[PDB]
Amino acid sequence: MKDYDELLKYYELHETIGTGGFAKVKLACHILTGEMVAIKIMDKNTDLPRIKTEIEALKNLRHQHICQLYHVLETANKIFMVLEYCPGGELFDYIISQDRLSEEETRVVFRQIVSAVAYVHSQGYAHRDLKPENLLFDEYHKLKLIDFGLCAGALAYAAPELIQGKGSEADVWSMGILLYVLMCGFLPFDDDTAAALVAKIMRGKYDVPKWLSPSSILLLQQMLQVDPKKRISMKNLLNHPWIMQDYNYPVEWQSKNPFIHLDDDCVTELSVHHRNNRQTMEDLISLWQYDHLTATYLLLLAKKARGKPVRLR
């Protein structure tokens, strides 16, 4: 197949592992690094603006809690997105397998969600589709935010002002719904029709189960404010008393994953693969075209970060 010729120069394709925005996701191996990847396969003959908004957000976003874009390939009838492999499943799966999570367990997970969304917002974006299906665990059981198809969703996770049509404050409401579903195992607003769900969201009344601590209840009232001018700010969420209870330091949201600083060990290994001198290699890396080069650089950087040698072939 001519649709897979350029792909298979770079990647050893494995089995179907899932789904991403109606696109199939397959396991693969990046050949040069030996590193495992997720490949999202789009058919461009069978939601094209959604694909392009995602790609363009993922080109500008780079963070420890955002599932990394490595490589975009485009053929006759296909778009391939080479992404960070998350074998740990969805946060959805995790919620439904236990009944809910304990307060201590959802702090661990929720501090990662806060980190990622605080970073998204600092870049001038709102994700506009925060939900547990859209968070995946990596090999180290750390959350990675996916689905950037809406940018700057599920009705149950949508803010009041969003349903009215009257942008980053709506994400805080969506993290509130998330906080609740984690500790409860059910949504705070749920109905059999869309109009009854909408009316529930507009009222802002929800059950407070017995097992919820007063600290949990306070944070939920601050995030699940129907008035977005009354909603908790990102600033005050970061060092909220609930957020800092077992970790007496605020959420570190700032990216540890740069666009500007280049790892010298990776540049010298890329130079020996390419047969060239630095500054030709750095200038090439710094272009960030989301081609085989950025894939290999970022996966060499991920190889180095797991302790394994910063080596190619």
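Numbering starts at 1 and runs along the sequence shown.
Enquirer: With respect to the deposited sequence, how many residues separating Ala152 from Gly153 are not represented by coordinates: none, 1 to 3, 4 to 9, or 10 or more?
Expert: Count of unmodelled residues in between: 10 or more.
Enquirer: Between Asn248 and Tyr249, what class does the number of missing deposited residues fall in: none, 1 to 3, 4 to 9, or 10 or more?
Expert: Missing in between: none.
Enquirer: Which is higher on average in the deposited entry, the C-alpha temperature factors of 273 to 281 or of 23 to 31?
Expert: Going by the record's values, the stretch with the higher mean is 273 to 281.
Enquirer: Test of understanding: from the entry's C-alpha B-factors, which stretch has the higher mean, 287 to 295 or 300 to 308?
Expert: 300 to 308 has the higher mean C-alpha B-factor.
Enquirer: Which of these, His71, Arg107, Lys144, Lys229, has its C-alpha atom at the highest B-factor, as the entry lists it?
Expert: In the PDB entry, the greatest C-alpha B-factor among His71, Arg107, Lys144, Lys229 is found at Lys229.
Enquirer: Taking the Cα B-factors listed in the entry, which of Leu135, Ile96, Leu182, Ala116 comes out highest?
Expert: It is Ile96.
Enquirer: Splitting the chain's C-alpha B-factors into thirds, which one does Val82 fall into?
Expert: Lowest third, going by the recorded CA B-factors of the chain.
Enquirer: Lowest, middle or highest third of the chain for the C-alpha temperature factor of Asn257?
Expert: Middle third - that is where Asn257 ends up once the chain's C-alpha B-factors are sorted.
Enquirer: Can you tell me which third, lowest, middle or highest, the CA B-factor of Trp211 falls into for its chain?
Expert: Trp211: CA B-factor falls in the highest third of its chain.
Enquirer: How does the C-alpha B factor of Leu162 compare with the rest of the chain: lowest, middle or highest third?
Expert: Middle third of the chain for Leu162's C-alpha B-factor.
Enquirer: Which third, lowest, middle or highest, does the CA B-factor of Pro241 fall in along this chain?
Expert: It belongs to the highest third of the chain when residues are ordered by C-alpha B-factor.
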